[PDB]
Amino acid sequence: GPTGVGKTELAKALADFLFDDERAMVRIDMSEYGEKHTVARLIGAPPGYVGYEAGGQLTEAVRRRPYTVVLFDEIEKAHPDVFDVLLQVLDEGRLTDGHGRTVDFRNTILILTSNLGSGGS
Amino acid sequence: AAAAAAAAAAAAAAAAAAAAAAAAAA
Ligand SMILES: Nc1ncnc2c1ncn2[C@@H]1O[C@H](COP(=O)(O)OP(=O)(O)OP(O)(O)=S)[C@@H](O)[C@H]1O
């Protein structure tokens, strides 16, 4: 919808209600991802490359604490290739990373806010 | 009357190895 209506505020109140906390939510930006090669923060690296023992941001964040709410703030700025990753998060509830360990989002909340329109009906 | 009869031994010392971790150069 419009800006300044309180989207992130509603998401943080929802995270407040069923954790009594504020750091259980996993906010990841989408204003970082203008470049096409910068996708691998949330997957990892294939075997034979530099960061391999670490893994991924969005996978190691959910291998522990498997009840979090996740946030994708301003998903318009992401160019149309990040949309192909979370295409398979939805409809399956699984994700794979560099080691080949399928993490399962079967009991998490997914909320992704946008900014399209802004004035129309 | 008693002799000593010295004995042998076997020593082990292994070796580490490194991985090279290529970089995709972008
Ligand atoms: N319905 C509301 N009730 C109470 N406070 C609100 C409400 N809407 C907005 N606010 C306040 O206004 C500020 C902005 O709200 P947010 O929803 O956090 O903005 P936002 O989601 O970052 O908007 P964008 O589009 O992502 S820049 C917050 O710090 C809230 O305290």
# chains A, B, ... in the order shown; residues from 1 in each chain; ligands from 1
call {"tool": "closest_atom_pairs", "arguments": {"of": "chain B", "to": "chain A", "cutoff": "10 Å", "atoms": "only C-alpha atoms", "output": "tab-separated table"}}
result
residue	atom	partner	partner_atom	distance
B:19	CA	A:48	CA	8.9
B:20	CA	A:48	CA	8.1
B:21	CA	A:49	CA	5.0
B:22	CA	A:49	CA	5.0
B:23	CA	A:49	CA	5.7
B:24	CA	A:49	CA	7.3
B:26	CA	A:37	CA	8.3
call {"tool": "residues_near_ligand", "arguments": {"ligand": "ligand 1", "cutoff": "6 Å", "atoms": "only C-alpha atoms and all ligand atoms", "output": "VMD selection string"}}
result
chain A and resid 3 to 9
call {"tool": "closest_residue", "arguments": {"among": "A:39, A:83, A:75, A:26", "to": "residue 108 of chain A", "atoms": "only C-alpha atoms"}}
result
A:26
call {"tool": "select_by_dssp", "arguments": {"residues": "chain A", "states": "helix (DSSP H, G or I)", "output": "number ranges by chain"}}
result
A: 7-17, 36-42, 57-63, 82-84
call {"tool": "select_by_dssp", "arguments": {"residues": "chain A", "states": "strand (DSSP E or B)", "output": "list in words"}}
result
residues 26, 27, 28, 29, 69, 70, 71, 72, 73, 94, 95, 103, 104, 109, 110, 111 and 112 of chain A
call {"tool": "decode", "arguments": {"residues": "segment 28-65 of chain A", "atoms": "N, CA, C and O atoms", "output": "PDB file, in the first residue's frame"}}
result
ATOM      1  N   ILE A  28      15.373  -9.762   6.858  1.00  0.00           N
ATOM      2  CA  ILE A  28      16.434  -9.641   5.870  1.00  0.00           C
ATOM      3  C   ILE A  28      16.027  -8.592   4.850  1.00  0.00           C
ATOM      4  O   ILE A  28      14.855  -8.491   4.468  1.00  0.00           O
ATOM      5  N   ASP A  29      16.996  -7.778   4.454  1.00  0.00           N
ATOM      6  CA  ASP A  29      16.761  -6.645   3.581  1.00  0.00           C
ATOM      7  C   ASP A  29      16.470  -7.128   2.163  1.00  0.00           C
ATOM      8  O   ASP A  29      16.740  -8.273   1.798  1.00  0.00           O
ATOM      9  N   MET A  30      15.884  -6.245   1.366  1.00  0.00           N
ATOM     10  CA  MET A  30      15.850  -6.437  -0.070  1.00  0.00           C
ATOM     11  C   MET A  30      16.369  -5.234  -0.836  1.00  0.00           C
ATOM     12  O   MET A  30      16.313  -5.238  -2.070  1.00  0.00           O
ATOM     13  N   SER A  31      16.872  -4.214  -0.155  1.00  0.00           N
ATOM     14  CA  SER A  31      17.549  -3.120  -0.829  1.00  0.00           C
ATOM     15  C   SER A  31      19.029  -3.398  -1.040  1.00  0.00           C
ATOM     16  O   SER A  31      19.730  -2.551  -1.597  1.00  0.00           O
ATOM     17  N   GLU A  32      19.515  -4.560  -0.605  1.00  0.00           N
ATOM     18  CA  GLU A  32      20.900  -4.957  -0.808  1.00  0.00           C
ATOM     19  C   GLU A  32      21.135  -5.637  -2.144  1.00  0.00           C
ATOM     20  O   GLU A  32      22.283  -5.709  -2.595  1.00  0.00           O
ATOM     21  N   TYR A  33      20.079  -6.128  -2.786  1.00  0.00           N
ATOM     22  CA  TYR A  33      20.192  -7.157  -3.817  1.00  0.00           C
ATOM     23  C   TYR A  33      20.015  -6.602  -5.219  1.00  0.00           C
ATOM     24  O   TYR A  33      19.364  -7.232  -6.052  1.00  0.00           O
ATOM     25  N   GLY A  34      20.559  -5.419  -5.501  1.00  0.00           N
ATOM     26  CA  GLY A  34      20.489  -4.897  -6.856  1.00  0.00           C
ATOM     27  C   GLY A  34      21.331  -5.698  -7.830  1.00  0.00           C
ATOM     28  O   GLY A  34      20.929  -5.921  -8.975  1.00  0.00           O
ATOM     29  N   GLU A  35      22.497  -6.151  -7.389  1.00  0.00           N
ATOM     30  CA  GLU A  35      23.378  -6.924  -8.243  1.00  0.00           C
ATOM     31  C   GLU A  35      22.965  -8.387  -8.248  1.00  0.00           C
ATOM     32  O   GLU A  35      22.443  -8.913  -7.264  1.00  0.00           O
ATOM     33  N   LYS A  36      23.195  -9.038  -9.386  1.00  0.00           N
ATOM     34  CA  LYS A  36      22.684 -10.385  -9.600  1.00  0.00           C
ATOM     35  C   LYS A  36      23.512 -11.428  -8.873  1.00  0.00           C
ATOM     36  O   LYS A  36      22.975 -12.449  -8.433  1.00  0.00           O
ATOM     37  N   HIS A  37      24.803 -11.178  -8.716  1.00  0.00           N
ATOM     38  CA  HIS A  37      25.680 -12.140  -8.075  1.00  0.00           C
ATOM     39  C   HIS A  37      25.579 -12.131  -6.559  1.00  0.00           C
ATOM     40  O   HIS A  37      26.161 -13.008  -5.917  1.00  0.00           O
ATOM     41  N   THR A  38      24.855 -11.183  -5.969  1.00  0.00           N
ATOM     42  CA  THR A  38      24.784 -11.044  -4.519  1.00  0.00           C
ATOM     43  C   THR A  38      23.690 -11.893  -3.888  1.00  0.00           C
ATOM     44  O   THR A  38      23.262 -11.600  -2.768  1.00  0.00           O
ATOM     45  N   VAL A  39      23.224 -12.934  -4.573  1.00  0.00           N
ATOM     46  CA  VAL A  39      22.121 -13.728  -4.049  1.00  0.00           C
ATOM     47  C   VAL A  39      22.610 -14.720  -3.003  1.00  0.00           C
ATOM     48  O   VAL A  39      21.919 -14.978  -2.009  1.00  0.00           O
ATOM     49  N   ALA A  40      23.831 -15.208  -3.142  1.00  0.00           N
ATOM     50  CA  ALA A  40      24.380 -16.332  -2.390  1.00  0.00           C
ATOM     51  C   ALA A  40      24.574 -16.064  -0.900  1.00  0.00           C
ATOM     52  O   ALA A  40      25.148 -16.953  -0.274  1.00  0.00           O
ATOM     53  N   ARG A  41      24.164 -14.931  -0.322  1.00  0.00           N
ATOM     54  CA  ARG A  41      24.190 -14.782   1.128  1.00  0.00           C
ATOM     55  C   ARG A  41      23.224 -15.740   1.800  1.00  0.00           C
ATOM     56  O   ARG A  41      23.487 -16.214   2.910  1.00  0.00           O
ATOM     57  N   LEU A  42      22.101 -16.025   1.153  1.00  0.00           N
ATOM     58  CA  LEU A  42      21.033 -16.808   1.747  1.00  0.00           C
ATOM     59  C   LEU A  42      20.976 -18.229   1.208  1.00  0.00           C
ATOM     60  O   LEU A  42      19.983 -18.926   1.424  1.00  0.00           O
ATOM     61  N   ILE A  43      22.017 -18.673   0.513  1.00  0.00           N
ATOM     62  CA  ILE A  43      22.168 -20.075   0.151  1.00  0.00           C
ATOM     63  C   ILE A  43      23.487 -20.577   0.712  1.00  0.00           C
ATOM     64  O   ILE A  43      23.515 -21.489   1.544  1.00  0.00           O
ATOM     65  N   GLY A  44      24.585 -19.973   0.272  1.00  0.00           N
ATOM     66  CA  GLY A  44      25.910 -20.421   0.640  1.00  0.00           C
ATOM     67  C   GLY A  44      26.842 -20.390  -0.548  1.00  0.00           C
ATOM     68  O   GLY A  44      26.749 -19.490  -1.385  1.00  0.00           O
ATOM     69  N   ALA A  45      27.735 -21.372  -0.650  1.00  0.00           N
ATOM     70  CA  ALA A  45      28.666 -21.463  -1.755  1.00  0.00           C
ATOM     71  C   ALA A  45      28.845 -22.930  -2.112  1.00  0.00           C
ATOM     72  O   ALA A  45      28.844 -23.784  -1.217  1.00  0.00           O
ATOM     73  N   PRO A  46      28.985 -23.254  -3.392  1.00  0.00           N
ATOM     74  CA  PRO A  46      29.148 -24.645  -3.794  1.00  0.00           C
ATOM     75  C   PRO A  46      30.513 -25.161  -3.383  1.00  0.00           C
ATOM     76  O   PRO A  46      31.414 -24.353  -3.128  1.00  0.00           O
ATOM     77  N   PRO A  47      30.700 -26.481  -3.283  1.00  0.00           N
ATOM     78  CA  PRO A  47      31.937 -27.023  -2.701  1.00  0.00           C
ATOM     79  C   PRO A  47      33.158 -26.748  -3.564  1.00  0.00           C
ATOM     80  O   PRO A  47      33.251 -27.208  -4.701  1.00  0.00           O
ATOM     81  N   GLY A  48      34.092 -25.992  -3.014  1.00  0.00           N
ATOM     82  CA  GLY A  48      35.291 -25.651  -3.738  1.00  0.00           C
ATOM     83  C   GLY A  48      35.501 -24.158  -3.760  1.00  0.00           C
ATOM     84  O   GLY A  48      36.397 -23.660  -4.446  1.00  0.00           O
ATOM     85  N   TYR A  49      34.686 -23.429  -3.013  1.00  0.00           N
ATOM     86  CA  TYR A  49      34.752 -21.980  -2.999  1.00  0.00           C
ATOM     87  C   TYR A  49      34.958 -21.482  -1.579  1.00  0.00           C
ATOM     88  O   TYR A  49      35.083 -22.267  -0.641  1.00  0.00           O
ATOM     89  N   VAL A  50      34.989 -20.153  -1.439  1.00  0.00           N
ATOM     90  CA  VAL A  50      35.720 -19.530  -0.338  1.00  0.00           C
ATOM     91  C   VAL A  50      34.996 -19.726   0.984  1.00  0.00           C
ATOM     92  O   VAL A  50      35.569 -20.244   1.947  1.00  0.00           O
ATOM     93  N   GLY A  51      33.738 -19.317   1.058  1.00  0.00           N
ATOM     94  CA  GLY A  51      32.997 -19.559   2.277  1.00  0.00           C
ATOM     95  C   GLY A  51      32.207 -20.844   2.204  1.00  0.00           C
ATOM     96  O   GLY A  51      31.082 -20.851   1.706  1.00  0.00           O
ATOM     97  N   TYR A  52      32.761 -21.929   2.709  1.00  0.00           N
ATOM     98  CA  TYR A  52      32.083 -23.210   2.602  1.00  0.00           C
ATOM     99  C   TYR A  52      31.733 -23.820   3.943  1.00  0.00           C
ATOM    100  O   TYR A  52      30.668 -24.423   4.077  1.00  0.00           O
ATOM    101  N   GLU A  53      32.604 -23.689   4.941  1.00  0.00           N
ATOM    102  CA  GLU A  53      32.306 -24.234   6.257  1.00  0.00           C
ATOM    103  C   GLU A  53      31.238 -23.420   6.977  1.00  0.00           C
ATOM    104  O   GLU A  53      30.564 -23.950   7.865  1.00  0.00           O
ATOM    105  N   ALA A  54      31.051 -22.156   6.598  1.00  0.00           N
ATOM    106  CA  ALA A  54      30.048 -21.323   7.250  1.00  0.00           C
ATOM    107  C   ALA A  54      28.639 -21.745   6.856  1.00  0.00           C
ATOM    108  O   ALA A  54      27.835 -22.143   7.706  1.00  0.00           O
ATOM    109  N   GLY A  55      28.323 -21.672   5.570  1.00  0.00           N
ATOM    110  CA  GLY A  55      26.984 -21.974   5.109  1.00  0.00           C
ATOM    111  C   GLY A  55      26.265 -20.737   4.614  1.00  0.00           C
ATOM    112  O   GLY A  55      26.861 -19.902   3.928  1.00  0.00           O
ATOM    113  N   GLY A  56      24.986 -20.603   4.959  1.00  0.00           N
ATOM    114  CA  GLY A  56      24.219 -19.446   4.544  1.00  0.00           C
ATOM    115  C   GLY A  56      23.641 -18.657   5.699  1.00  0.00           C
ATOM    116  O   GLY A  56      23.545 -19.168   6.817  1.00  0.00           O
ATOM    117  N   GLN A  57      23.273 -17.400   5.439  1.00  0.00           N
ATOM    118  CA  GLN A  57      22.584 -16.587   6.437  1.00  0.00           C
ATOM    119  C   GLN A  57      21.226 -17.176   6.790  1.00  0.00           C
ATOM    120  O   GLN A  57      20.989 -17.610   7.926  1.00  0.00           O
ATOM    121  N   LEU A  58      20.329 -17.222   5.808  1.00  0.00           N
ATOM    122  CA  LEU A  58      18.935 -17.596   5.983  1.00  0.00           C
ATOM    123  C   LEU A  58      18.752 -19.085   6.235  1.00  0.00           C
ATOM    124  O   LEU A  58      17.650 -19.509   6.575  1.00  0.00           O
ATOM    125  N   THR A  59      19.799 -19.889   6.135  1.00  0.00           N
ATOM    126  CA  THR A  59      19.681 -21.291   6.494  1.00  0.00           C
ATOM    127  C   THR A  59      20.191 -21.591   7.893  1.00  0.00           C
ATOM    128  O   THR A  59      19.496 -22.257   8.664  1.00  0.00           O
ATOM    129  N   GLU A  60      21.371 -21.079   8.255  1.00  0.00           N
ATOM    130  CA  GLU A  60      21.865 -21.237   9.619  1.00  0.00           C
ATOM    131  C   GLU A  60      21.029 -20.448  10.616  1.00  0.00           C
ATOM    132  O   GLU A  60      21.004 -20.796  11.801  1.00  0.00           O
ATOM    133  N   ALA A  61      20.318 -19.414  10.160  1.00  0.00           N
ATOM    134  CA  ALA A  61      19.428 -18.691  11.056  1.00  0.00           C
ATOM    135  C   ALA A  61      18.203 -19.512  11.435  1.00  0.00           C
ATOM    136  O   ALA A  61      17.599 -19.259  12.480  1.00  0.00           O
ATOM    137  N   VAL A  62      17.812 -20.487  10.612  1.00  0.00           N
ATOM    138  CA  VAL A  62      16.581 -21.240  10.840  1.00  0.00           C
ATOM    139  C   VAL A  62      16.856 -22.702  11.206  1.00  0.00           C
ATOM    140  O   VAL A  62      15.948 -23.384  11.710  1.00  0.00           O
ATOM    141  N   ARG A  63      18.091 -23.193  11.038  1.00  0.00           N
ATOM    142  CA  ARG A  63      18.421 -24.517  11.566  1.00  0.00           C
ATOM    143  C   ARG A  63      18.335 -24.555  13.085  1.00  0.00           C
ATOM    144  O   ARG A  63      18.008 -25.596  13.662  1.00  0.00           O
ATOM    145  N   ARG A  64      18.624 -23.440  13.743  1.00  0.00           N
ATOM    146  CA  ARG A  64      18.243 -23.222  15.126  1.00  0.00           C
ATOM    147  C   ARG A  64      17.081 -22.241  15.156  1.00  0.00           C
ATOM    148  O   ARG A  64      16.898 -21.450  14.228  1.00  0.00           O
ATOM    149  N   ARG A  65      16.294 -22.313  16.240  1.00  0.00           N
ATOM    150  CA  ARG A  65      15.047 -21.576  16.460  1.00  0.00           C
ATOM    151  C   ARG A  65      14.090 -21.794  15.286  1.00  0.00           C
ATOM    152  O   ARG A  65      13.952 -20.916  14.426  1.00  0.00           O
TER     153      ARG A  65
END
